[PDB]
Amino acid sequence: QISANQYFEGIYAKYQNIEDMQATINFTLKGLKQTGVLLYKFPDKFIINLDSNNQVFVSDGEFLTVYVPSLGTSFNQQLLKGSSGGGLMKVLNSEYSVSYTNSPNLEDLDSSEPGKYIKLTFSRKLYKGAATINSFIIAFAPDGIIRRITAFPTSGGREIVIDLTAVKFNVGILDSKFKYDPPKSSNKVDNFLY
Ligand SMILES: [Cl-]
Ligand SMILES: [Cl-]
Ligand SMILES: [Cl-]
Ligand code: NA
């Protein structure tokens, strides 16, 4: 058996040599299930297009912008106020400490019973500042592929559960294609999502 820190060293190294990731994404926010497709451009950019409605979620690793085309405008908040950013892997690696959620063994996604997933708990290093998310539990399938990210707001409010399926790496995302930061016309909001 290897330690959680060694397991995550291996995850970290895997994701430093990937250009991009596409996935089917389900996530829970404000009591609603949102479903769509994630395009993540490493290290720190993403866009989510939703299947059933016209909203678009965009992040540059510092701000999370939601486009609401039925209203003709967008709203942005800090993605993780208190973080220095740099993308998921750098944040987890530098601002959180890691442990196995239950054990070093392969477990079910939801319980400690036998299954196919490694589950890591990431706990905020408060000497790096408090943040709006104090902890994450991330479940990894056996090729270091992320299956689920659960984010626990520091407020103690409802957790945010992100399910990733049909993960595909290096699909080809052009750099000019997308603008990931909030546009000039965007409306800053304190925290409308967590
Ligand atoms: Cl609900
Ligand atoms: Cl925190
Ligand atoms: Cl603009
Ligand atoms: Na859509």
# chains A, B, ... in the order shown; residues from 1 in each chain; ligands from 1
>>> residues_near_ligand(ligand="ligand 3", cutoff="7 Å", atoms="only C-alpha atoms and all ligand atoms", output="PDB file with N, CA, C and O atoms, in the first residue's frame")
ATOM      1  N   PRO A 183     -16.278  39.045 -19.385  1.00  0.00           N
ATOM      2  CA  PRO A 183     -16.224  40.189 -20.303  1.00  0.00           C
ATOM      3  C   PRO A 183     -16.449  41.499 -19.566  1.00  0.00           C
ATOM      4  O   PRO A 183     -16.896  41.544 -18.419  1.00  0.00           O
ATOM      5  N   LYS A 184     -16.142  42.598 -20.264  1.00  0.00           N
ATOM      6  CA  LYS A 184     -16.230  43.922 -19.648  1.00  0.00           C
ATOM      7  C   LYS A 184     -17.652  44.229 -19.176  1.00  0.00           C
ATOM      8  O   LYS A 184     -17.854  44.833 -18.115  1.00  0.00           O
ATOM      9  N   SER A 185     -18.638  43.796 -19.937  1.00  0.00           N
ATOM     10  CA  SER A 185     -20.043  43.996 -19.629  1.00  0.00           C
ATOM     11  C   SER A 185     -20.561  43.078 -18.522  1.00  0.00           C
ATOM     12  O   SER A 185     -21.738  43.169 -18.166  1.00  0.00           O
TER      13      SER A 185
END
>>> residues_near_ligand(ligand="ligand 1", cutoff="10 Å", atoms="only C-alpha atoms and all ligand atoms", output="PyMOL selection string")
chain A and resi 28-33+158
>>> write_last_selection(atoms="N, CA, C and O atoms", output="PDB file, in the first residue's frame")
ATOM      1  N   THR A  28     -24.619  19.732  -9.107  1.00  0.00           N
ATOM      2  CA  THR A  28     -25.729  20.232  -8.306  1.00  0.00           C
ATOM      3  C   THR A  28     -25.379  21.614  -7.791  1.00  0.00           C
ATOM      4  O   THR A  28     -24.341  21.797  -7.143  1.00  0.00           O
ATOM      5  N   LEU A  29     -26.229  22.589  -8.099  1.00  0.00           N
ATOM      6  CA  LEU A  29     -26.053  23.942  -7.608  1.00  0.00           C
ATOM      7  C   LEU A  29     -27.416  24.546  -7.345  1.00  0.00           C
ATOM      8  O   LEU A  29     -28.324  24.414  -8.170  1.00  0.00           O
ATOM      9  N   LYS A  30     -27.518  25.267  -6.229  1.00  0.00           N
ATOM     10  CA  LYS A  30     -28.741  25.974  -5.874  1.00  0.00           C
ATOM     11  C   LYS A  30     -29.944  25.039  -5.892  1.00  0.00           C
ATOM     12  O   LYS A  30     -31.055  25.439  -6.241  1.00  0.00           O
ATOM     13  N   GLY A  31     -29.727  23.786  -5.490  1.00  0.00           N
ATOM     14  CA  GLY A  31     -30.787  22.796  -5.430  1.00  0.00           C
ATOM     15  C   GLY A  31     -31.229  22.233  -6.760  1.00  0.00           C
ATOM     16  O   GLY A  31     -32.256  21.548  -6.810  1.00  0.00           O
ATOM     17  N   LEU A  32     -30.495  22.493  -7.841  1.00  0.00           N
ATOM     18  CA  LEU A  32     -30.850  21.998  -9.162  1.00  0.00           C
ATOM     19  C   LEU A  32     -29.739  21.142  -9.752  1.00  0.00           C
ATOM     20  O   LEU A  32     -28.546  21.410  -9.558  1.00  0.00           O
ATOM     21  N   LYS A  33     -30.158  20.152 -10.530  1.00  0.00           N
ATOM     22  CA  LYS A  33     -29.256  19.297 -11.282  1.00  0.00           C
ATOM     23  C   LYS A  33     -28.994  19.966 -12.628  1.00  0.00           C
ATOM     24  O   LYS A  33     -29.929  20.357 -13.333  1.00  0.00           O
ATOM     25  N   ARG A 158     -24.947  23.194   1.596  1.00  0.00           N
ATOM     26  CA  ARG A 158     -25.065  21.943   0.856  1.00  0.00           C
ATOM     27  C   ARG A 158     -23.801  21.706   0.034  1.00  0.00           C
ATOM     28  O   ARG A 158     -23.265  22.633  -0.580  1.00  0.00           O
TER      29      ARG A 158
END
>>> select_by_dssp(residues="stretch 8-192 of chain A", states="alpha helix (DSSP H)", output="PyMOL selection string")
chain A and resi 8-15+88-95
>>> write_last_selection(atoms="N, CA and C atoms", output="short mmCIF file (atom, residue, chain, number, x, y, z; two decimals), in the first residue's frame")
data_model
loop_
_atom_site.label_atom_id
_atom_site.label_comp_id
_atom_site.auth_asym_id
_atom_site.auth_seq_id
_atom_site.Cartn_x
_atom_site.Cartn_y
_atom_site.Cartn_z
N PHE A 8 -1.45 10.86 -4.73
CA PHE A 8 -1.77 12.13 -5.37
C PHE A 8 -0.59 12.68 -6.15
N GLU A 9 0.65 12.39 -5.73
CA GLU A 9 1.79 12.75 -6.57
C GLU A 9 1.64 12.16 -7.96
N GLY A 10 1.11 10.94 -8.05
CA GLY A 10 0.97 10.29 -9.34
C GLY A 10 -0.15 10.90 -10.17
N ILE A 11 -1.30 11.16 -9.54
CA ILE A 11 -2.35 11.95 -10.18
C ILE A 11 -1.78 13.26 -10.70
N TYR A 12 -1.15 14.03 -9.81
CA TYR A 12 -0.62 15.33 -10.21
C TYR A 12 0.23 15.23 -11.46
N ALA A 13 1.15 14.26 -11.49
CA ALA A 13 2.05 14.12 -12.63
C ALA A 13 1.27 13.76 -13.89
N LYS A 14 0.24 12.92 -13.76
CA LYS A 14 -0.58 12.57 -14.92
C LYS A 14 -1.19 13.82 -15.54
N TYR A 15 -1.71 14.72 -14.71
CA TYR A 15 -2.44 15.86 -15.25
C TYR A 15 -1.54 16.99 -15.68
N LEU A 88 -7.09 23.27 -11.00
CA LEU A 88 -7.47 22.30 -9.98
C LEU A 88 -6.27 21.62 -9.32
N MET A 89 -5.35 21.11 -10.13
CA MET A 89 -4.25 20.32 -9.58
C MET A 89 -3.30 21.16 -8.73
N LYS A 90 -2.97 22.37 -9.19
CA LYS A 90 -2.11 23.25 -8.41
C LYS A 90 -2.79 23.66 -7.10
N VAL A 91 -4.09 23.94 -7.15
CA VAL A 91 -4.82 24.31 -5.94
C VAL A 91 -4.82 23.16 -4.95
N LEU A 92 -5.20 21.97 -5.40
CA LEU A 92 -5.23 20.82 -4.51
C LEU A 92 -3.85 20.54 -3.94
N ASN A 93 -2.83 20.68 -4.78
CA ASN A 93 -1.46 20.36 -4.38
C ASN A 93 -0.90 21.37 -3.39
N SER A 94 -1.29 22.64 -3.50
CA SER A 94 -0.61 23.68 -2.75
C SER A 94 -1.42 24.24 -1.59
N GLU A 95 -2.75 24.14 -1.63
CA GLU A 95 -3.58 24.78 -0.61
C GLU A 95 -4.37 23.79 0.24
#
>>> residues_near_ligand(ligand="ligand 2", cutoff="12 Å", atoms="only C-alpha atoms and all ligand atoms", output="short mmCIF file (atom, residue, chain, number, x, y, z; two decimals) with N, CA and C atoms, in the first residue's frame")
data_model
loop_
_atom_site.label_atom_id
_atom_site.label_comp_id
_atom_site.auth_asym_id
_atom_site.auth_seq_id
_atom_site.Cartn_x
_atom_site.Cartn_y
_atom_site.Cartn_z
N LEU A 80 -13.01 30.51 -6.40
CA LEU A 80 -12.65 29.96 -5.09
C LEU A 80 -11.95 31.08 -4.33
N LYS A 81 -12.75 31.99 -3.80
CA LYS A 81 -12.24 33.14 -3.06
C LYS A 81 -11.37 32.64 -1.92
N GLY A 82 -10.18 33.21 -1.80
CA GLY A 82 -9.17 32.75 -0.88
C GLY A 82 -8.07 31.93 -1.51
N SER A 83 -8.30 31.40 -2.73
CA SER A 83 -7.30 30.62 -3.44
C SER A 83 -6.43 31.52 -4.28
N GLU A 95 -2.75 24.14 -1.63
CA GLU A 95 -3.58 24.78 -0.61
C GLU A 95 -4.37 23.79 0.24
N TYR A 96 -4.19 22.48 0.02
CA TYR A 96 -4.94 21.43 0.69
C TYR A 96 -3.97 20.32 1.10
N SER A 97 -4.28 19.65 2.19
CA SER A 97 -3.57 18.44 2.55
C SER A 97 -4.46 17.24 2.23
N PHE A 122 -9.34 16.15 0.60
CA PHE A 122 -8.44 17.29 0.51
C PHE A 122 -8.94 18.31 1.52
N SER A 123 -8.10 18.64 2.52
CA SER A 123 -8.49 19.51 3.61
C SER A 123 -7.71 20.81 3.53
N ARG A 124 -8.42 21.92 3.63
CA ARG A 124 -7.79 23.21 3.42
C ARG A 124 -6.67 23.41 4.44
N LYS A 125 -5.52 23.88 3.96
CA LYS A 125 -4.44 24.38 4.82
C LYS A 125 -4.76 25.81 5.20
N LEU A 126 -5.25 26.01 6.41
CA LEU A 126 -5.75 27.33 6.76
C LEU A 126 -4.62 28.35 6.93
N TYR A 127 -3.36 27.91 7.04
CA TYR A 127 -2.26 28.88 6.97
C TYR A 127 -2.03 29.39 5.56
N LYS A 128 -2.78 28.87 4.58
CA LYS A 128 -2.82 29.45 3.24
C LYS A 128 -4.05 30.32 3.04
N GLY A 129 -4.74 30.66 4.11
CA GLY A 129 -5.96 31.43 4.00
C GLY A 129 -7.18 30.54 3.98
N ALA A 130 -8.27 31.05 4.51
CA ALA A 130 -9.55 30.40 4.38
C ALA A 130 -10.04 30.59 2.95
N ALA A 131 -10.91 29.68 2.52
CA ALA A 131 -11.49 29.77 1.18
C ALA A 131 -12.96 29.42 1.28
N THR A 132 -13.70 29.64 0.19
CA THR A 132 -15.12 29.34 0.24
C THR A 132 -15.39 27.83 0.22
N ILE A 133 -14.42 27.03 -0.23
CA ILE A 133 -14.51 25.57 -0.15
C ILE A 133 -13.39 25.09 0.78
N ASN A 134 -13.78 24.53 1.91
CA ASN A 134 -12.86 24.03 2.93
C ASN A 134 -12.37 22.62 2.64
N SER A 135 -13.09 21.82 1.86
CA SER A 135 -12.61 20.47 1.64
C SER A 135 -13.24 19.92 0.37
N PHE A 136 -12.54 18.97 -0.24
CA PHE A 136 -13.05 18.22 -1.39
C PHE A 136 -12.87 16.73 -1.12
N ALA A 151 -17.53 18.97 -3.28
CA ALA A 151 -17.00 20.20 -2.70
C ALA A 151 -17.88 20.63 -1.54
N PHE A 152 -17.25 20.86 -0.40
CA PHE A 152 -17.95 21.19 0.84
C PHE A 152 -17.78 22.67 1.15
N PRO A 153 -18.81 23.48 0.99
CA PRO A 153 -18.65 24.91 1.28
C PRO A 153 -18.28 25.13 2.73
N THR A 154 -17.38 26.08 2.94
CA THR A 154 -16.95 26.42 4.30
C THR A 154 -18.13 26.88 5.16
N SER A 155 -19.13 27.50 4.54
CA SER A 155 -20.36 27.89 5.24
C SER A 155 -21.03 26.72 5.95
N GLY A 156 -20.72 25.49 5.57
CA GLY A 156 -21.47 24.34 6.04
C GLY A 156 -22.73 24.08 5.24
#
>>> closest_residue(among="A:117, A:194, A:7, A:178", to="residue A:47", atoms="only C-alpha atoms")
A:178
>>> residues_near_ligand(ligand="ligand 4", cutoff="9 Å", atoms="only C-alpha atoms and all ligand atoms", output="list in words")
residues 36, 49, 50, 51, 52, 53, 54, 55 and 56 of chain A
>>> write_last_selection(atoms="C-alpha atoms", output="mmCIF file, in the first residue's frame")
data_model
loop_
_atom_site.group_PDB
_atom_site.id
_atom_site.type_symbol
_atom_site.label_atom_id
_atom_site.label_comp_id
_atom_site.auth_asym_id
_atom_site.auth_seq_id
_atom_site.Cartn_x
_atom_site.Cartn_y
_atom_site.Cartn_z
ATOM 1 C CA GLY A 36 -23.969 19.152 -19.966
ATOM 2 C CA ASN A 49 -22.284 23.923 -22.159
ATOM 3 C CA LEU A 50 -25.587 22.723 -20.712
ATOM 4 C CA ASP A 51 -27.794 20.210 -22.563
ATOM 5 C CA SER A 52 -31.301 21.417 -21.708
ATOM 6 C CA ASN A 53 -30.903 25.206 -21.291
ATOM 7 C CA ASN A 54 -28.839 27.923 -22.970
ATOM 8 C CA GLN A 55 -26.637 28.914 -20.010
ATOM 9 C CA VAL A 56 -22.863 28.628 -20.286
#
>>> residues_around(residues="residue A:191", least_positions_apart="4", cutoff="9 Å", atoms="only C-alpha atoms", output="CSV table (one decimal) with C-alpha atoms, in the first residue's frame")
chain,number,residue,atom,x,y,z
A,76,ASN,CA,-19.3,36.4,-12.5
A,77,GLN,CA,-18.0,35.5,-9.0
A,78,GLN,CA,-14.7,34.3,-7.7
>>> closest_residue(among="A:65, A:186, A:164, A:171", to="residue A:38", atoms="only C-alpha atoms")
A:164
>>> residues_around(residues="residue A:46", least_positions_apart="5", cutoff="6 Å", atoms="only C-alpha atoms", output="VMD selection string")
chain A and resid 39 to 41 58 to 59
>>> write_last_selection(atoms="C-alpha atoms", output="compact mmCIF listing (two decimals), in the first residue's frame")
# COMPACT_ATOMS: atom_id res chain seq x y z
CA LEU A 39 -14.22 21.16 -21.83
CA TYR A 40 -11.20 21.71 -19.57
CA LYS A 41 -8.05 23.26 -21.07
CA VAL A 58 -16.85 29.65 -18.08
CA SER A 59 -13.78 29.80 -15.84
>>> residues_around(residues="residue A:73", least_positions_apart="4", cutoff="9 Å", atoms="only C-alpha atoms", output="PyMOL selection string")
chain A and resi 66-69+185-187
>>> write_last_selection(atoms="N, CA, C and O atoms", output="PDB file, in the first residue's frame")
ATOM      1  N   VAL A  66     -21.161  33.023 -15.542  1.00  0.00           N
ATOM      2  CA  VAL A  66     -22.354  32.362 -16.057  1.00  0.00           C
ATOM      3  C   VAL A  66     -23.022  33.298 -17.054  1.00  0.00           C
ATOM      4  O   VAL A  66     -23.454  34.398 -16.686  1.00  0.00           O
ATOM      5  N   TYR A  67     -23.103  32.853 -18.300  1.00  0.00           N
ATOM      6  CA  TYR A  67     -23.839  33.545 -19.348  1.00  0.00           C
ATOM      7  C   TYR A  67     -25.315  33.137 -19.323  1.00  0.00           C
ATOM      8  O   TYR A  67     -25.636  31.952 -19.244  1.00  0.00           O
ATOM      9  N   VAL A  68     -26.197  34.129 -19.393  1.00  0.00           N
ATOM     10  CA  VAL A  68     -27.651  33.941 -19.348  1.00  0.00           C
ATOM     11  C   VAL A  68     -28.212  34.602 -20.608  1.00  0.00           C
ATOM     12  O   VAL A  68     -28.645  35.764 -20.584  1.00  0.00           O
ATOM     13  N   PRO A  69     -28.166  33.918 -21.744  1.00  0.00           N
ATOM     14  CA  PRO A  69     -28.481  34.588 -23.012  1.00  0.00           C
ATOM     15  C   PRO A  69     -29.927  34.977 -23.125  1.00  0.00           C
ATOM     16  O   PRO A  69     -30.238  35.896 -23.881  1.00  0.00           O
ATOM     17  N   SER A 185     -18.638  43.796 -19.937  1.00  0.00           N
ATOM     18  CA  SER A 185     -20.043  43.996 -19.629  1.00  0.00           C
ATOM     19  C   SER A 185     -20.561  43.078 -18.522  1.00  0.00           C
ATOM     20  O   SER A 185     -21.738  43.169 -18.166  1.00  0.00           O
ATOM     21  N   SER A 186     -19.733  42.192 -17.977  1.00  0.00           N
ATOM     22  CA  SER A 186     -20.248  41.232 -17.011  1.00  0.00           C
ATOM     23  C   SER A 186     -20.520  41.910 -15.675  1.00  0.00           C
ATOM     24  O   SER A 186     -19.948  42.944 -15.334  1.00  0.00           O
ATOM     25  N   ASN A 187     -21.361  41.274 -14.896  1.00  0.00           N
ATOM     26  CA  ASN A 187     -21.826  41.798 -13.628  1.00  0.00           C
ATOM     27  C   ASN A 187     -21.236  40.995 -12.482  1.00  0.00           C
ATOM     28  O   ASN A 187     -21.580  39.817 -12.302  1.00  0.00           O
TER      29      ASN A 187
END
>>> residues_around(residues="stretch 98-108 of chain A", least_positions_apart="5", cutoff="8 Å", atoms="only C-alpha atoms", output="number ranges by chain")
A: 1-5, 8, 113-123, 137
>>> select_by_dssp(residues="stretch 11-194 of chain A", states="strand (DSSP E)", output="number ranges by chain")
A: 20-29, 32-41, 45-50, 56-59, 63-68, 73-78, 96-100, 118-124, 133-140, 146-153, 160-169, 187-188
>>> residues_around(residues="residue A:27", least_positions_apart="3", cutoff="8 Å", atoms="only C-alpha atoms", output="PyMOL selection string")
chain A and resi 33-35+160-163
>>> write_last_selection(atoms="N, CA and C atoms", output="PDB file, in the first residue's frame")
ATOM      1  N   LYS A  33     -30.158  20.152 -10.530  1.00  0.00           N
ATOM      2  CA  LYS A  33     -29.256  19.297 -11.282  1.00  0.00           C
ATOM      3  C   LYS A  33     -28.994  19.966 -12.628  1.00  0.00           C
ATOM      4  N   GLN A  34     -27.730  20.191 -12.928  1.00  0.00           N
ATOM      5  CA  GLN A  34     -27.319  20.741 -14.213  1.00  0.00           C
ATOM      6  C   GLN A  34     -26.559  19.652 -14.953  1.00  0.00           C
ATOM      7  N   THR A  35     -26.792  19.546 -16.253  1.00  0.00           N
ATOM      8  CA  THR A  35     -26.231  18.466 -17.037  1.00  0.00           C
ATOM      9  C   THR A  35     -25.729  19.026 -18.351  1.00  0.00           C
ATOM     10  N   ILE A 160     -21.539  20.449  -3.084  1.00  0.00           N
ATOM     11  CA  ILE A 160     -21.661  20.506  -4.528  1.00  0.00           C
ATOM     12  C   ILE A 160     -21.064  19.219  -5.069  1.00  0.00           C
ATOM     13  N   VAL A 161     -21.875  18.424  -5.758  1.00  0.00           N
ATOM     14  CA  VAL A 161     -21.444  17.131  -6.270  1.00  0.00           C
ATOM     15  C   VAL A 161     -21.317  17.241  -7.780  1.00  0.00           C
ATOM     16  N   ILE A 162     -20.123  16.963  -8.273  1.00  0.00           N
ATOM     17  CA  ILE A 162     -19.781  17.017  -9.691  1.00  0.00           C
ATOM     18  C   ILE A 162     -19.456  15.597 -10.149  1.00  0.00           C
ATOM     19  N   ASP A 163     -20.242  15.076 -11.081  1.00  0.00           N
ATOM     20  CA  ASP A 163     -20.037  13.753 -11.671  1.00  0.00           C
ATOM     21  C   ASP A 163     -19.448  13.919 -13.062  1.00  0.00           C
TER      22      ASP A 163
END
>>> atom_distance(atom1="atom CA of residue A:175", atom2="atom CA of residue A:60")
12.5 Å
